[PDB]
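Engineer: Can you keep this structure in mind? I'll have questions shortly.
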Protein chains: 4
Amino acid sequence: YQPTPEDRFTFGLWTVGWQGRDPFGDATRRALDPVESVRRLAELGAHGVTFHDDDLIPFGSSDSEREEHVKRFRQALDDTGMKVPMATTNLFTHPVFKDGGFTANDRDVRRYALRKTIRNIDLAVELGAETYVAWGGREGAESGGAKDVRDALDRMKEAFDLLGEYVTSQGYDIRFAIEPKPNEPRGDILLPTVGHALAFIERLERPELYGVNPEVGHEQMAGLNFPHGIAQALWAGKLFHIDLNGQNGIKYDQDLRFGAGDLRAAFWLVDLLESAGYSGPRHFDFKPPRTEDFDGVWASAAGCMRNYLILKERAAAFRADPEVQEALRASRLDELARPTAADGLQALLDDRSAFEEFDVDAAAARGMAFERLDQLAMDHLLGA
Amino acid sequence: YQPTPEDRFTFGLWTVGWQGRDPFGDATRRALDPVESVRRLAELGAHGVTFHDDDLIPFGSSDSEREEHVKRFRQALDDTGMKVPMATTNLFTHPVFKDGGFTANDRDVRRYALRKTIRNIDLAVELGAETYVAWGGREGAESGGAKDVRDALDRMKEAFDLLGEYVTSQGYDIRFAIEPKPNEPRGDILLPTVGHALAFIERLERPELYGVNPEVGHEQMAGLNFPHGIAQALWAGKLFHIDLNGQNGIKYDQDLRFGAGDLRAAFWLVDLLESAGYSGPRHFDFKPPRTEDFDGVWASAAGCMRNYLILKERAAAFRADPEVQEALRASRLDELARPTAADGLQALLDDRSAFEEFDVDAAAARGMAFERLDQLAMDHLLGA
Amino acid sequence: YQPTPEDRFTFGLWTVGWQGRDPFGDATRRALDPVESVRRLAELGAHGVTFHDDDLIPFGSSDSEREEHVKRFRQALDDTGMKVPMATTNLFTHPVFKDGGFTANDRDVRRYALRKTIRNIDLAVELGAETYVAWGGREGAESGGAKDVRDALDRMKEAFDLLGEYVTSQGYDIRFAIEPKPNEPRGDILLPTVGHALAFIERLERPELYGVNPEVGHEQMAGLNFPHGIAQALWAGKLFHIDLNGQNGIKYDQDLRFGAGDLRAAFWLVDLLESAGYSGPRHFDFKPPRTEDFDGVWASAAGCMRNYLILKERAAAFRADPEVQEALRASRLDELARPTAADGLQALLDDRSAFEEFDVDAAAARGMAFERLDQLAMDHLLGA
Amino acid sequence: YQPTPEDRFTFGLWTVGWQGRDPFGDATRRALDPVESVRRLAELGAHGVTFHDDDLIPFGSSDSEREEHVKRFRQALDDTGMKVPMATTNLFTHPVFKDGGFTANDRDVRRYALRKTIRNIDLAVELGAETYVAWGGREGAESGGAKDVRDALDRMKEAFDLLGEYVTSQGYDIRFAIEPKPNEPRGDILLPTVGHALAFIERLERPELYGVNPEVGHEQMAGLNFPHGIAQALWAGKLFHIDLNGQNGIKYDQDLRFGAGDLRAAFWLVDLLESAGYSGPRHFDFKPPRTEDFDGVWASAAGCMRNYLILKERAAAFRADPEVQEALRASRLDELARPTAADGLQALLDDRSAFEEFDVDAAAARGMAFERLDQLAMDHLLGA
Ligand SMILES: [Mn+2]
Ligand SMILES: [Mn+2]
Ligand SMILES: [Mn+2]
Ligand SMILES: [Mn+2]
Ligand SMILES: [Mn+2]
Ligand SMILES: [Mn+2]
Ligand SMILES: [Mn+2]
Ligand SMILES: [Mn+2]
């Protein structure tokens, strides 16, 4: 279960580099030089790294400091063969963003948020990133009067439309991936789920330039089924990036290593990504727990990839097993894939087998055989 | 706080008529004749009633029994002046629907589900309903292998497209309202939130014929902010119906009377409906608790309307209060409503006040004054 | 992974016998004769069965009907070698219990609830049960004024005290196991968690006669860690029975087969039961999903036991692995087991190594190595 | 609704003094001098302040710095008439506590945690505090192997027993109040609810010296009913302190001002505290949102007290209303307060009205009238 380049595993600088600050505790680890993280991740078999502007370039850097940080980072990438497939903006840490970036009530803040973003899109392109994530962690409210959501969605559409105009005007080959989250750090976050973000994208001027960046933990913070949401994103053709991690139910954002948390959901997610032929990077947005020293940081990172690969093997074995294929037919998964009424509406209307002569009791007596199927899936997951 | 016809309060037959069966208990009340419910609701000041096919016409009725049930119902409506603004299909109670209606794995069931629906659309039109709700409570799964969600969404789009074709071919003035719910009775339900349903609608052949029917409790079962979801539905122009009730957090679907549950969310919801000028019926999908006899049934129903009207008065007083209007300006809600960059992208790019000369620390020092605003809102809610 | 008698797997009649009624759907399966369930469970390798009074004897039976039902059941038990280790009362299904049994506001109902219980304790003893469960599913409220909880806890203590007096007066070798649940079917249930039930027991007249009957799903409906709660029950010496099943987070009570739901929690639970030497039956309180016919019922039951046995093997392999034993020392689990201050208070107070000479920064630098440990646990669980 | 000294409202230094650091954001406010917070709180009508050791004395202070900080604080208290009813230890912020204080796996850390605590108990007594809170926010785990909970509970009992020995040996008039929380900052926290803490206390050597310090938000993070848990604490005689704030459901610990969050639960809590005659301080453990400047800090604090007083008036009006008193009898709350069987077990056993002649159907027909009662409560809450 040793990772390879084709596996395309990627990590945020802010993941392994998380110093361990939490709402109730100080840092437990020293800051990492992004150069060291690139080296260490490459040695573990990662394919690439991602960044927030402020992870790579200290906030408020001069042009000359900016240049030197980027230079050093590029040398590490060249030294290791690591790629930079995705970048994003930090529009959440600095106090100025306490009520939002793109949907701050203060118009001057909204404009500043756009200018910060646009500066880093230029950098992202310079580094070869083809995806630009946006997680509006500060867009939202703690109280009902603080944020008129219709006006906020107008400001959010305005901002993304301006960004689409900018990338189009520059001829850039980059697309955006909007990351939902239901809450934390705001009491409620705008675009709280995969669904709300998919729906919002359809109202943008250039919808083709935007997709979702769903995160395992975030949908689970709403008690939603993350494989189901990914399936809807896939169905819509909007899965432009994914964040992989673990989460134990409805609570604060834990960002556990991938595999931890809801293990059966991790299994079904890998099954779906691999079955659908998803071609994007398998990106980890996780935090080694603050209990850990650097050895545990690298162990946690390695474990992300290991778990993905173990689940990939098990899901593959599940789908290739003739007994599972038989069970899937027994449960009528083949029938679900066939059109209800390719014969068309009139034919349906005139088909007495769909109504007057439909034997409801005979149909109702038919078992779905879902338990046997799911125990086959469990046996495969556990290698039993 | 006495309801009037213009208030347009409506109730499902299945609401006050709920006999009190729950997962662990038998009925506590006798079945109600829909005629009696129409009479009683009218006496309380309701404007109309809604129905599932199977609430009005016992499942498996002959044509002559069908005719007589509808006749009796129409006499009660004519006797009282009650309207029937909305109808829907029961695609969840009968065993044949145990794996779904429109997304059942069995194709014969999917066709039967469409034919059942289409029959009741004809009835709904005969009774004057302009909205046709669809709550796919059985669409989903308990286990991961049981339901391929991409195939299920294909079958779901197929079904709604056929229904759109049918209403178009008949020249009917009816529109559909899809009701999300995250779970219960399936382990996970497809289209689990307002967002997922909005997104799904945009993929239908005739999107203009479909909106959402969000329910207070259902979004709350995912710990989501129901006023926020309604705001997004409004923003999209897709709020075609609403279900009002109460829910105490993330747990089974309680369907408490409106006002109960999250009271502050009820306040903010009423504020939003009234401020936006929502013109649809204020429909209650609630269940008088099984502890109650018929006197308590009618008390619970009355309480739905009373709470709506008390919250309407308080929200109106909040928005009309010059001190609140001052607080809203202090918190920059006026600024949120103004375009970020009506000057356009280039102007933004060339505006040094948005970047080089933006004083982040001065901006960050500015308080949002949201606490004073929210205590004004609380004072208004409580009449303090 | 074939079950044996020493495995002591037991099932409620109401588990495999669940006809599939849910809040939104009719039964999907016919009623099972308890005789058939005993036969079928024995063929799968179960050790015994448990019952509610009303599962074995239809409510309202005459003495002669009572005798004949018990006779038939006893013949099946004798035919199969199945045991009856536990019984309980149905104080939740009949309408009379809509506000509770022991804590109903109506005193006449409370007395009736006690008499119903006492009748079935006599039967339980006749059948050899040594544990008598009590799940007060109707004890609680939907609204705040309906139930004064201090008075309710007085009535609850009164009832259990009377039951303790009764078993003592009869010389019966039976102990009680109180089953917490946070909600459903009441909006909030009294004694909502393992903790609240442990605390309540300590106030009873004869605390030694009462323990907890925790259920996996029930603690998870509060987002609690079920292995942690079991550990506290074990620590207190109060784990008198356990209910095993699966649950996918904070939602309605799903009662999935054991292993389903939170798989990693199932692993840690089995590890704890086996490591602690728990000697009670491994009882399943689960419901085969209503999608299933009888073949799927028996498959689901078999799967409960299979998953328990697969997890037992993996946990055993984890604890026996010298590499895990090394990791556990690396993480200082050995140190957690040693007294903080067996030297006593004064010695602690006078120990400069505990304060003036304690190097906080050196201590803080020490990693806990928990990630490596947990990846060893994951590898063992998955057989990787 | 102006607060008075008899109202006994108290605040933690760390509440109004919270600088606004969250998991995703830097401080938005400068640090407050505890002297200024004492002055400002007194001007708002608070009765007193509480502290963690590290809120009053910077961690690592010399004896002379310690003395000067305490001196300044005592002058402000004397200047204002403010009291210090409660103190506590910070055993969560410093890295050394990343795996716990009293239940850290490292024994040297456990001893250090005890010595830190004991030092501040001496200070607490010097300042007149009669209650000493303990919130073990770091006691727990993110993974299953990291923490053997039985061993941890042994270490936790050891620590509290040593503290009880210490206060007894010194002749101090101080009692402990253990604060449960279900999670955050650990994945699961030991003693996660009021119930688990009540149960744990009963196993200590000197149980009379320990009670609970329940926090509104914390029980709500488990979706529990906070008034119910308080009622059980009251019933047990163990409510030694309370933390008041707001929380919007199952999510991260929000610490909103009291009244915010679940308003109806705030109503029922105040009703219960006032009806039971609770005599402890009404302590607020809340955080003004980081959106706010200092004006909003003081507004938020004022709002805590205002909401408590508005709810007190409404609850009082509810209980004094003859119509409510009539409704409470109609719902049989009087009967719930009367013994089930003061006649004793034998009498119960011989009472044919409790069994053979109990008319279940007549009893079951009786409505509980809970909806009318709850609408009276709602009308009172809203002043309608
Ligand atoms: Mn996250
Ligand atoms: Mn992410
Ligand atoms: Mn509902
Ligand atoms: Mn509804
Ligand atoms: Mn259950
Ligand atoms: Mn159970
Ligand atoms: Mn808190
Ligand atoms: Mn607290």
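As a convention, Cβ positions derive from the backbone with ideal geometry for all residues, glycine included, and neighbour counts pool all protein chains shown. Quick note: the coordinates plus some simple rules give every number you see, no bench work behind them.
Engineer: Only one of B:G383, B:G303, B:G367 is over 26 Å from the mean Cα position of the chain (by Cα), within 14 Å of chain D (Cβ to nearest Cβ) and crowded, with 21+ Cβ neighbours inside 10 Å; which? Outline the logic, then answer.
Structural biologist: Details: B:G383 fails: crowded, with 21+ Cβ neighbours inside 10 Å; B:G303 fails: over 26 Å from the mean Cα position of the chain (by Cα).
Sole residue among the options that is over 26 Å from the mean Cα position of the chain (by Cα), within 14 Å of chain D (Cβ to nearest Cβ) and crowded, with 21+ Cβ neighbours inside 10 Å: B:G367.
Engineer: While we're on this one: Can you name the number of the only condition in (1) surrounded by fewer than 22 Cβ atoms within 10 Å (Cβ to Cβ); (2) touching a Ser or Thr at 6+ places or on another chain (Cβ under 9 Å) that B:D63 fails?
Structural biologist: Single failed check for B:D63: (2).
Engineer: Take the residues in the range D:269-288 that are within 10 Å of another protein chain (Cβ to nearest Cβ), crowded, with 23+ Cβ neighbours inside 10 Å and without any contact (Cβ under 8 Å) to a residue 60 or more places away in the chain; name whichever of them is farthest from ligand 8 (Cβ to nearest atom).
Structural biologist: In the first step, residues of the range D:269-288 are kept if they are within 10 Å of another protein chain (Cβ to nearest Cβ); the result is D:269, D:271-272, D:275-276, D:287-288.
In the following step, the residues that additionally are crowded, with 23+ Cβ neighbours inside 10 Å were identified as D:269, D:271, D:287-288.
With the extra rule that they be without any contact (Cβ under 8 Å) to a residue 60 or more places away in the chain, the set shrinks to D:269, D:271.
Working: D:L269: 15, D:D271: 22 Å.
This residue is D:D271.
Engineer: Examine the range B:317-337 for a residue that is exposed (fewer than 15 other Cβ atoms within 10 Å of the Cβ), in contact with a helix residue (DSSP H, G or I) (Cβ under 7 Å, 6 or more places away or on another chain) and touching a residue at least 60 places away in the same chain (Cβ under 8 Å), and state whether such a residue exists.
Structural biologist: Yes, the range B:317-337 contains at least one residue that is exposed (fewer than 15 other Cβ atoms within 10 Å of the Cβ), in contact with a helix residue (DSSP H, G or I) (Cβ under 7 Å, 6 or more places away or on another chain) and touching a residue at least 60 places away in the same chain (Cβ under 8 Å).
Engineer: If you check D:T93 against the conditions, is it part of a loop (DSSP other than H, G, I, E, B), within 8 Å of chain C (Cβ to nearest Cβ) and closer than 25 Å to D:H241 by Cβ?
Structural biologist: So D:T93 does not fit the description; no.
Engineer: So, D:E184, is that one part of a helix (DSSP H, G or I), within 12 Å of ligand 7 (Cβ to nearest atom) and within 21 Å of C:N225 (Cα to Cα) or not?
Structural biologist: Numbers: part of a helix (DSSP H, G or I): no; within 12 Å of ligand 7 (Cβ to nearest atom): yes; within 21 Å of C:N225 (Cα to Cα): yes.
Answer is no for this residue.
Engineer: Kindly indicate which of A:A42, A:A104 is within 26 Å of the chain's Cα centre (by Cα) and within 22 Å of A:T131 (Cα to Cα). Explain how you work it out, then say what you get.
Structural biologist: Details: A:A104 fails: within 22 Å of A:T131 (Cα to Cα).
Just a single option satisfies the conditions, and that option is A:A42.
Engineer: May I pose another question? Please go through the range A:97-114 and pick out each residue that is within 7 Å of chain B (Cβ to nearest Cβ) and assigned to a helix (DSSP H, G or I).
Structural biologist: Matches in the range A:97-114: A:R107, A:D108, A:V109, A:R110, A:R111, A:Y112, A:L114.
Engineer: Could you tell me which of the residues C:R119, C:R155, C:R175, C:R206 is under 26 Å from D:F200 (Cα atoms), touching a residue at least 60 places away in the same chain (Cβ under 8 Å) and more than 16 Å from ligand 8 (Cβ to nearest atom)? Give the derivation first.
Structural biologist: Details: C:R119 fails: under 26 Å from D:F200 (Cα atoms); C:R155 fails: touching a residue at least 60 places away in the same chain (Cβ under 8 Å); C:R206 fails: touching a residue at least 60 places away in the same chain (Cβ under 8 Å).
Checking each option against the conditions leaves just C:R175.
Engineer: Among the numbered conditions (1) in contact with a strand residue (DSSP E or B) (Cβ under 8 Å, 6 or more places away or on another chain); (2) buried (at least 21 other Cβ atoms within 10 Å of the Cβ), tell me where A:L123 comes up short.
Structural biologist: (2)
Engineer: Moving on to the next point. Which of the residues belonging to the range C:351-364 are under 30 Å from A:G261 (Cβ atoms) and more than 10 Å from chain A (Cβ to nearest Cβ)? Before you say what the answer is, go through the steps one by one.
Structural biologist: Our first condition is that a residue be under 30 Å from A:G261 (Cβ atoms); within the range C:351-364, this holds for C:363-364.
Residue satisfying the conditions is C:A363 alone.
Engineer: Check C:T340 against each of (1) surrounded by 15 or more Cβ atoms within 10 Å (Cβ to Cβ); (2) farther than 24 Å from C:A233 by Cβ; (3) more than 29 Å from the chain's Cα centre (by Cα) and name the one condition it does not meet.
Structural biologist: (2)
Engineer: Checking the structure you have, find out if any residue of the range C:84-106 is without any contact (Cβ under 8 Å) to a residue 60 or more places away in the chain, out of contact with any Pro (no Cβ under 7 Å at 6 or more places or on another chain) and over 30 Å from D:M368 (Cβ atoms). Show your work before the answer.
Structural biologist: First, the residues of the range C:84-106 that are without any contact (Cβ under 8 Å) to a residue 60 or more places away in the chain: C:84, C:87-91, C:93-102, C:104-106.
Pick out the ones that are also out of contact with any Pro (no Cβ under 7 Å at 6 or more places or on another chain) and you get C:84, C:87-91, C:93-102, C:104-106.
Checking which are over 30 Å from D:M368 (Cβ atoms) leaves us with C:84.
Yes, that holds for at least one residue.
Engineer: Right, another one. Could you list, in sequence order, all residues of the range B:212-270 that are within 16 Å of ligand 4 (Cβ to nearest atom), over 10 Å from B:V194 (Cβ atoms) and of a type in the set (S, T, N, Q)?
Structural biologist: B:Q220, B:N245, B:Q247, B:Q254 - these are the residues of the range B:212-270 that are within 16 Å of ligand 4 (Cβ to nearest atom), over 10 Å from B:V194 (Cβ atoms) and of a type in the set (S, T, N, Q).
Engineer: When the range D:222-252 is examined, which residues are found to be within 13 Å of ligand 7 (Cβ to nearest atom) and either more than 7 Å from every other protein chain (Cβ to nearest Cβ) or surrounded by fewer than 24 Cβ atoms within 10 Å (Cβ to Cβ) (or both)? Spell out how you get there, then give the answer.
Structural biologist: Filtering the range D:222-252 for residues within 13 Å of ligand 7 (Cβ to nearest atom) gives D:222, D:226, D:242-248, D:251-252.
Matches in the range D:222-252: D:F226, D:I242, D:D243, D:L244, D:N245, D:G246, D:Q247, D:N248, D:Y252.
Engineer: A further question on this structure: Which of the numbered conditions does A:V38 fail, given that it passes all the others? Conditions: (1) touching a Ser or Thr at 6+ places or on another chain (Cβ under 9 Å); (2) without any contact (Cβ under 8 Å) to a residue 40 or more places away in the chain.
Structural biologist: Against the list (1) touching a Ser or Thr at 6+ places or on another chain (Cβ under 9 Å); (2) without any contact (Cβ under 8 Å) to a residue 40 or more places away in the chain, A:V38 comes up short only on (2).
Engineer: Continuing with this model, one more query. Looking at (1) within 16 Å of ligand 6 (Cβ to nearest atom); (2) farther than 16 Å from C:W135 by Cα, can you tell me which one C:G211 breaks?
Structural biologist: (2)
Engineer: For the range C:175-189, which residues satisfy the criterion of being more than 7 Å from every other protein chain (Cβ to nearest Cβ) and within 17 Å of the chain's Cα centre (by Cα)?
Structural biologist: Within the range C:175-189, C:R175, C:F176, C:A177, C:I178, C:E179, C:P180, C:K181, C:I189 qualify.
Engineer: Continuing with this model, one more query. For the range D:115-159, how many residues meet the condition of being within 14 Å of chain C (Cβ to nearest Cβ) and closer than 26 Å to D:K83 by Cα? Break it down into steps so the answer makes sense when it comes.
Structural biologist: Filtering the range D:115-159 down to residues within 14 Å of chain C (Cβ to nearest Cβ) leaves D:115-122, D:136, D:138-159.
Retained after the next criterion (residues that are closer than 26 Å to D:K83 by Cα): D:115-122, D:136.
Residues in the range D:115-159 being within 14 Å of chain C (Cβ to nearest Cβ) and closer than 26 Å to D:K83 by Cα: 9 in total.
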